Amino acid sequence: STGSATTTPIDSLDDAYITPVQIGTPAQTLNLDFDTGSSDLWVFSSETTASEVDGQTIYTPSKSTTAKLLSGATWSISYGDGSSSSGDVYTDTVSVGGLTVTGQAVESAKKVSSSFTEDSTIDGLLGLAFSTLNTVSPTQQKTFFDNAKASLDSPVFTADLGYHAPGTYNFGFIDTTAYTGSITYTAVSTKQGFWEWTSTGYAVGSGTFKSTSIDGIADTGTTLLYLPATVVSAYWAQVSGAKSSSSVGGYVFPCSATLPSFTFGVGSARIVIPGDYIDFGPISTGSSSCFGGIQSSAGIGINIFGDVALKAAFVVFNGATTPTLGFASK
């Protein structure tokens, strides 16, 4: 089997991407944030504290003939941005782009933090990291991908995120029309439960490539590119007037600037992020200070190849017995 679903930016900045997901019988379609940096499929639901729901579409398990309470199971998750959610668990039928999993754990939120409430466009998350990070207790649950894997034509999924445009998540096949050149594969460590890999270096604009190992995670659920302070300083030094602002929370730059590209290495291959992808617009409405899309990972504890980086590539998440990651230009 295979599946193919379109993923759409939630706003004009590509702050996140939503993908429609069918849950239950009859289908209830919710727009979920596919997150390769976490491993819980959780939704706004009929159980979510009413004051914490503001515009989201909810899953109502009592209206699904295939829903079953997973008795005694609870979940609770905290994300890198300080947001969180928790609740109980049902199993139900879940379909993405025509690919169906029966008995998928669907984690129903009883509580969500303010950032989730405030984002009316995101009805939940669908985790695509390794199932070892799943938070369900006392019986850990598998991700949608892990459940689907054995049925897929090939044990892979691909992320093809758009810049200010829709893109595609495919399951079970590699669309050879969706990228240019060849796919370069690179080793993955699953020791921390992430799609963790080592970039071979970087360049700023038309500058020379610096060969240096940068360990980080491929994370579709993180908006920006978070890299070591040395790398980030080298980038922003090429933008007149750019500075790190503790009050704003990162690097800012004059909105009048033209940003240089940023290149990262995948083995001997190179992925180029155009300068425009690094512009996250005014820090506040009407400001002439703009927020940068490349930020320091110092004090996160991990480097993160988030959407800024991933949307410049066609990315293969290879879930074979020894997982790997593939990157191609597009």
# chains A, B, ... in the order shown; residues from 1 in each chain; ligands from 1
call {"tool": "residues_around", "arguments": {"residues": "residue 6 of chain A", "least_positions_apart": "2", "cutoff": "9 Å", "atoms": "only C-alpha atoms", "output": "list in words"}}
result
residues 4, 8, 18, 19, 20, 97, 166, 167, 168, 169 and 170 of chain A
call {"tool": "write_last_selection", "arguments": {"atoms": "N, CA and C atoms", "output": "PDB file, in the first residue's frame"}}
result
ATOM      1  N   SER A   4      -0.681   9.310  -0.037  1.00  0.00           N
ATOM      2  CA  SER A   4      -0.157  10.587  -0.511  1.00  0.00           C
ATOM      3  C   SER A   4      -1.115  11.680  -0.099  1.00  0.00           C
ATOM      4  N   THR A   8      -0.148  21.845   3.817  1.00  0.00           N
ATOM      5  CA  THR A   8      -0.408  23.246   3.483  1.00  0.00           C
ATOM      6  C   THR A   8       0.097  24.150   4.621  1.00  0.00           C
ATOM      7  N   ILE A  18      -0.160  21.890   7.846  1.00  0.00           N
ATOM      8  CA  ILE A  18      -1.230  20.986   8.227  1.00  0.00           C
ATOM      9  C   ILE A  18      -1.595  20.054   7.089  1.00  0.00           C
ATOM     10  N   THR A  19      -1.942  18.822   7.464  1.00  0.00           N
ATOM     11  CA  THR A  19      -2.241  17.760   6.535  1.00  0.00           C
ATOM     12  C   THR A  19      -3.557  17.132   6.991  1.00  0.00           C
ATOM     13  N   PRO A  20      -4.521  16.961   6.082  1.00  0.00           N
ATOM     14  CA  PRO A  20      -5.796  16.375   6.512  1.00  0.00           C
ATOM     15  C   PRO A  20      -5.652  14.888   6.823  1.00  0.00           C
ATOM     16  N   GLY A  97      -4.119  10.238   3.271  1.00  0.00           N
ATOM     17  CA  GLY A  97      -3.883  10.201   1.845  1.00  0.00           C
ATOM     18  C   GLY A  97      -4.191   8.848   1.221  1.00  0.00           C
ATOM     19  N   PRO A 166       1.750  24.828  -0.929  1.00  0.00           N
ATOM     20  CA  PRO A 166       1.542  23.448  -0.474  1.00  0.00           C
ATOM     21  C   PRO A 166       2.659  22.516  -0.933  1.00  0.00           C
ATOM     22  N   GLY A 167       2.755  21.390  -0.238  1.00  0.00           N
ATOM     23  CA  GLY A 167       3.688  20.328  -0.552  1.00  0.00           C
ATOM     24  C   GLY A 167       3.023  18.990  -0.303  1.00  0.00           C
ATOM     25  N   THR A 168       3.822  17.948  -0.082  1.00  0.00           N
ATOM     26  CA  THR A 168       3.320  16.587  -0.056  1.00  0.00           C
ATOM     27  C   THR A 168       4.042  15.725   0.974  1.00  0.00           C
ATOM     28  N   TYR A 169       3.263  14.908   1.695  1.00  0.00           N
ATOM     29  CA  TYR A 169       3.779  13.758   2.446  1.00  0.00           C
ATOM     30  C   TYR A 169       3.339  12.502   1.717  1.00  0.00           C
ATOM     31  N   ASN A 170       4.308  11.668   1.355  1.00  0.00           N
ATOM     32  CA  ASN A 170       4.033  10.365   0.759  1.00  0.00           C
ATOM     33  C   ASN A 170       4.463   9.256   1.693  1.00  0.00           C
TER      34      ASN A 170
END
call {"tool": "closest_residue", "arguments": {"among": "A:153, A:14, A:52, A:81", "to": "residue 117 of chain A", "atoms": "only C-alpha atoms"}}
result
A:52
call {"tool": "closest_residue", "arguments": {"among": "A:194, A:173, A:226, A:44", "to": "residue 157 of chain A", "atoms": "only C-alpha atoms"}}
result
A:173
call {"tool": "select_by_dssp", "arguments": {"residues": "segment 82-143 of chain A", "states": "strand (DSSP E or B)", "output": "ChimeraX atom specification"}}
result
/A:84-96,99-112,124-127,137
call {"tool": "select_by_dssp", "arguments": {"residues": "segment 46-223 of chain A", "states": "helix (DSSP H, G or I)", "output": "ChimeraX atom specification"}}
result
/A:50-52,61-63,114-118,131-133,144-151
call {"tool": "write_last_selection", "arguments": {"atoms": "N, CA and C atoms", "output": "CSV table (one decimal), in the first residue's frame"}}
result
chain,number,residue,atom,x,y,z
A,50,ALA,N,-13.3,22.9,27.6
A,50,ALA,CA,-14.0,23.8,26.6
A,50,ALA,C,-13.3,25.2,26.5
A,51,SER,N,-12.8,25.8,27.5
A,51,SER,CA,-12.1,27.0,27.5
A,51,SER,C,-10.8,27.0,26.7
A,52,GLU,N,-10.3,25.8,26.4
A,52,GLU,CA,-9.0,25.6,25.8
A,52,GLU,C,-9.2,25.3,24.3
A,61,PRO,N,-15.0,10.8,19.8
A,61,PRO,CA,-15.0,9.3,19.7
A,61,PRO,C,-16.3,8.6,19.8
A,62,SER,N,-17.3,9.2,20.6
A,62,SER,CA,-18.6,8.6,20.7
A,62,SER,C,-19.4,8.6,19.4
A,63,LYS,N,-18.9,9.3,18.4
A,63,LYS,CA,-19.6,9.3,17.1
A,63,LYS,C,-18.9,8.4,16.1
A,114,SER,N,-1.6,27.1,26.1
A,114,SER,CA,-2.2,28.2,25.4
A,114,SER,C,-1.8,28.4,23.9
A,115,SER,N,-0.6,28.0,23.6
A,115,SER,CA,-0.1,28.1,22.2
A,115,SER,C,-1.0,27.2,21.3
A,116,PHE,N,-1.4,26.1,21.8
A,116,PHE,CA,-2.3,25.2,21.0
A,116,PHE,C,-3.7,25.9,20.8
A,117,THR,N,-4.2,26.3,21.9
A,117,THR,CA,-5.5,27.0,21.9
A,117,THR,C,-5.5,28.1,20.9
A,118,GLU,N,-4.5,28.9,20.9
A,118,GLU,CA,-4.4,30.1,20.2
A,118,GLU,C,-4.2,29.9,18.7
A,131,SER,N,9.0,5.3,17.7
A,131,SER,CA,7.9,5.0,18.7
A,131,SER,C,8.4,5.0,20.2
A,132,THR,N,9.8,4.8,20.3
A,132,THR,CA,10.4,4.9,21.7
A,132,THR,C,10.1,6.2,22.4
A,133,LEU,N,9.8,7.3,21.7
A,133,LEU,CA,9.4,8.5,22.3
A,133,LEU,C,8.0,8.7,22.7
A,144,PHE,N,1.8,6.2,13.7
A,144,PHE,CA,1.1,5.8,12.4
A,144,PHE,C,2.0,5.1,11.4
A,145,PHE,N,3.2,5.7,11.3
A,145,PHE,CA,4.2,5.1,10.3
A,145,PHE,C,4.6,3.7,10.8
A,146,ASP,N,4.9,3.5,12.0
A,146,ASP,CA,5.3,2.2,12.5
A,146,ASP,C,4.2,1.2,12.3
A,147,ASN,N,2.9,1.6,12.6
A,147,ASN,CA,1.8,0.7,12.4
A,147,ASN,C,1.6,0.4,10.9
A,148,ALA,N,1.9,1.3,10.0
A,148,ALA,CA,1.6,1.1,8.6
A,148,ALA,C,2.7,0.4,7.9
A,149,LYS,N,3.9,0.4,8.5
A,149,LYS,CA,5.2,0.0,7.8
A,149,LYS,C,5.1,-1.3,7.1
A,150,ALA,N,4.6,-2.3,7.7
A,150,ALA,CA,4.7,-3.7,7.2
A,150,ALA,C,3.8,-3.8,5.9
A,151,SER,N,2.8,-2.9,5.8
A,151,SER,CA,1.8,-3.0,4.7
A,151,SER,C,2.3,-2.1,3.5
call {"tool": "atom_distance", "arguments": {"atom1": "atom CA of residue 123 of chain A", "atom2": "atom CA of residue 155 of chain A"}}
result
26.9 Å
call {"tool": "residues_around", "arguments": {"residues": "segment 85-89 of chain A", "least_positions_apart": "3", "cutoff": "12 Å", "atoms": "only C-alpha atoms", "output": "ChimeraX atom specification"}}
result
/A:40-49,52,59,61,67-79,82,92,103-117,124-125,135-141
call {"tool": "atom_distance", "arguments": {"atom1": "atom CA of residue 275 of chain A", "atom2": "atom CA of residue 255 of chain A"}}
result
12.7 Å
call {"tool": "closest_residue", "arguments": {"among": "A:7, A:84, A:244, A:176", "to": "residue 295 of chain A", "atoms": "only C-alpha atoms"}}
result
A:244
call {"tool": "residues_around", "arguments": {"residues": "residue 159 of chain A", "least_positions_apart": "6", "cutoff": "10 Å", "atoms": "only C-alpha atoms", "output": "PyMOL selection string"}}
result
chain A and resi 7+34+36+167-171+220+310-311+313-317+327
call {"tool": "write_last_selection", "arguments": {"atoms": "C-alpha atoms", "output": "mmCIF file, in the first residue's frame"}}
result
data_model
loop_
_atom_site.group_PDB
_atom_site.id
_atom_site.type_symbol
_atom_site.label_atom_id
_atom_site.label_comp_id
_atom_site.auth_asym_id
_atom_site.auth_seq_id
_atom_site.Cartn_x
_atom_site.Cartn_y
_atom_site.Cartn_z
ATOM 1 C CA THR A 7 0.420 19.521 3.343
ATOM 2 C CA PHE A 34 2.965 16.080 10.984
ATOM 3 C CA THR A 36 9.063 14.055 12.655
ATOM 4 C CA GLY A 167 3.688 20.328 -0.552
ATOM 5 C CA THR A 168 3.320 16.587 -0.056
ATOM 6 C CA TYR A 169 3.779 13.758 2.446
ATOM 7 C CA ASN A 170 4.033 10.365 0.759
ATOM 8 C CA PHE A 171 4.011 6.984 2.476
ATOM 9 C CA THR A 220 9.178 18.867 10.381
ATOM 10 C CA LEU A 310 13.725 20.747 5.055
ATOM 11 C CA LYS A 311 11.552 22.769 2.667
ATOM 12 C CA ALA A 313 14.834 19.584 -0.116
ATOM 13 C CA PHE A 314 12.971 16.411 -0.965
ATOM 14 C CA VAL A 315 13.533 14.359 2.201
ATOM 15 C CA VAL A 316 13.313 10.572 2.522
ATOM 16 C CA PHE A 317 12.683 9.102 5.962
ATOM 17 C CA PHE A 327 18.056 14.460 0.748
#
call {"tool": "atom_distance", "arguments": {"atom1": "atom CA of residue 232 of chain A", "atom2": "atom CA of residue 203 of chain A"}}
result
10.9 Å
call {"tool": "residues_around", "arguments": {"residues": "residue 22 of chain A", "least_positions_apart": "6", "cutoff": "6 Å", "atoms": "only C-alpha atoms", "output": "JSON, numbers by chain"}}
result
{"A": [28, 29, 94, 95]}
call {"tool": "write_last_selection", "arguments": {"atoms": "N, CA and C atoms", "output": "compact mmCIF listing (two decimals), in the first residue's frame"}}
result
# COMPACT_ATOMS: atom_id res chain seq x y z
N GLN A 28 -13.96 11.42 10.41
CA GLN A 28 -13.86 12.78 10.92
C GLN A 28 -12.52 13.30 10.44
N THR A 29 -12.52 14.36 9.65
CA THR A 29 -11.28 14.88 9.09
C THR A 29 -10.76 16.01 9.95
N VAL A 94 -7.41 5.21 11.26
CA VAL A 94 -6.81 6.47 10.84
C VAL A 94 -6.31 6.31 9.42
N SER A 95 -6.68 7.24 8.55
CA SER A 95 -6.23 7.21 7.17
C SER A 95 -5.57 8.53 6.79
call {"tool": "closest_residue", "arguments": {"among": "A:181, A:299, A:306, A:228", "to": "residue 269 of chain A", "atoms": "only C-alpha atoms"}}
result
A:181
call {"tool": "residues_around", "arguments": {"residues": "residue 251 of chain A", "least_positions_apart": "3", "cutoff": "8 Å", "atoms": "only C-alpha atoms", "output": "list in words"}}
result
residues 236, 242, 243, 244, 245, 291, 292, 294 and 295 of chain A
call {"tool": "write_last_selection", "arguments": {"atoms": "N, CA, C and O atoms", "output": "JSON list (two decimals), in the first residue's frame"}}
result
[["chain", "number", "residue", "atom", "x", "y", "z"],
["A", 236, "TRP", "N", 24.87, 35.50, 10.11],
["A", 236, "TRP", "CA", 24.29, 36.83, 10.31],
["A", 236, "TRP", "C", 25.32, 37.94, 10.17],
["A", 236, "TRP", "O", 24.95, 39.09, 9.90],
["A", 242, "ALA", "N", 22.30, 43.14, 11.19],
["A", 242, "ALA", "CA", 21.74, 42.01, 11.93],
["A", 242, "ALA", "C", 22.39, 41.91, 13.30],
["A", 242, "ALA", "O", 23.57, 42.21, 13.45],
["A", 243, "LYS", "N", 21.61, 41.49, 14.29],
["A", 243, "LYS", "CA", 22.10, 41.36, 15.64],
["A", 243, "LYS", "C", 21.26, 40.37, 16.40],
["A", 243, "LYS", "O", 20.12, 40.09, 16.03],
["A", 244, "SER", "N", 21.82, 39.80, 17.46],
["A", 244, "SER", "CA", 21.06, 38.97, 18.36],
["A", 244, "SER", "C", 20.44, 39.85, 19.42],
["A", 244, "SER", "O", 21.12, 40.61, 20.08],
["A", 245, "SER", "N", 19.12, 39.73, 19.56],
["A", 245, "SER", "CA", 18.35, 40.52, 20.50],
["A", 245, "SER", "C", 17.81, 39.62, 21.60],
["A", 245, "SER", "O", 17.00, 38.73, 21.35],
["A", 291, "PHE", "N", 12.50, 38.99, 11.85],
["A", 291, "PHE", "CA", 13.02, 37.85, 12.59],
["A", 291, "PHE", "C", 13.71, 36.86, 11.67],
["A", 291, "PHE", "O", 13.18, 36.49, 10.63],
["A", 292, "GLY", "N", 14.89, 36.41, 12.08],
["A", 292, "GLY", "CA", 15.66, 35.48, 11.27],
["A", 292, "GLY", "C", 15.23, 34.02, 11.35],
["A", 292, "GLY", "O", 14.77, 33.54, 12.39],
["A", 294, "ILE", "N", 17.30, 31.42, 10.81],
["A", 294, "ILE", "CA", 18.43, 30.64, 11.30],
["A", 294, "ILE", "C", 18.73, 31.21, 12.67],
["A", 294, "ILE", "O", 18.96, 32.42, 12.81],
["A", 295, "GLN", "N", 18.71, 30.36, 13.69],
["A", 295, "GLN", "CA", 18.86, 30.78, 15.07],
["A", 295, "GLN", "C", 19.81, 29.83, 15.77],
["A", 295, "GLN", "O", 20.04, 28.71, 15.32]]
call {"tool": "closest_residue", "arguments": {"among": "A:237, A:308, A:96, A:325", "to": "residue 196 of chain A", "atoms": "only C-alpha atoms"}}
result
A:325
